[PDB]
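A lone chain, given as structure tokens: the form deposited in one PDB entry.
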């Protein structure tokens, strides 16, 4: 196979120093690495980056999957609250797609690790605000995520929330059961919209305020379907205000057209971040 070069995105292969693999626990073959001179002005600067590449046993679908993902990230463009495309190696060897490094891992591990054996209320609302700003931006570029959860948000060395894997039965993965994040129309009718991501955002808010708890406590997966059809929703977590719980319930409206938009959620969360104190 032969790829076209975009000199804007192309990094010479000897500027990339590959490091430790991540393996199962991230989608596809991902390698931590160091890119040398990623800004032309600062060619002696080294930047930490993540690299996606193909396995040894990769099919023709796998190659095209990695090319479509890379191209979709160009279409979408840059936001501080998404994992940004930084560059690619397309020419004198296999396909590398190079993205931003998030030193503190996924949001679920970050929240779990900072449980009392720490985060203020403002940190947690500021986290939800940043995840909302990322999703508002992705929505504006017509990008439906289809698997929004804390595990698919990453955290940088400066505690910036970056949405991950946006350019892509009830059995476990990591050990996660995705169905718990799916809107009813997605679960029952295989329908995915921007409104289905707002449902999943509701479950992500619940994740943030329980410091990375399992959604629907004490509910077996077998009887979760019946409970949703009955109109059951998760109850309010204790580290959470009535305003923020009213926001969750609004995200979990049974009719997708009656849920708030990410634009609407960013406006409300902008206000709540200012009203929330750094001692509360």
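For the two forms, the rigid core is made up of the largest set of C-alpha atoms that agree within 1.5 Å on superposition. Residue numbers count along the first chain shown, from 1.
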**Item:** Check: residue 25 without coordinates in a third or more of other entries
**Value:** yes
Of the deposited residues between residue 117 and residue 118, the number without coordinates is 10 or more
Per the entry, how many deposited residues between residue 168 and residue 169 lack coordinates? The answer is 4 to 9
When mean C-alpha B-factors in the record are compared for 38-46 and 223-231, the larger belongs to 38-46
Between 247-255 and 57-65, the record assigns the higher mean Cα B factor to 57-65
Scanning 202, 134, 175, 105 for peak Cα temperature factor in the entry gives 175
Quick tally, chain-level thirds of C-alpha B-factors: residue 112 sits in the middle
Tertile call for residue 240 (CA temperature factor, within chain, third-based) is the highest
Entry-reported C-alpha B-factor of residue 33 relative to its chain, by third, is middle
So, residue 197's CA B-factor, relative to its chain, sits in which third? The lowest
Temperature factor at the Cα of residue 81, chain-ranked in thirds, falls in the lowest
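Beyond what is shown, the protein has a form deposited in another entry; the following relates to that form.
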Practice task
Would you say whether residue 211 is displaced between this form and the one not shown, judging by a C-alpha shift of 2 Å or more on the superposed rigid core?
Solution key: no
*asked:* Once the core is aligned, does residue 58 move its Cα by at least 2 Å between this form and the one not shown?
replied: yes
Checklist line | Did residue 222 shift 2 Å or more between this form and the one not shown, C-alpha, core superposed | finding: yes
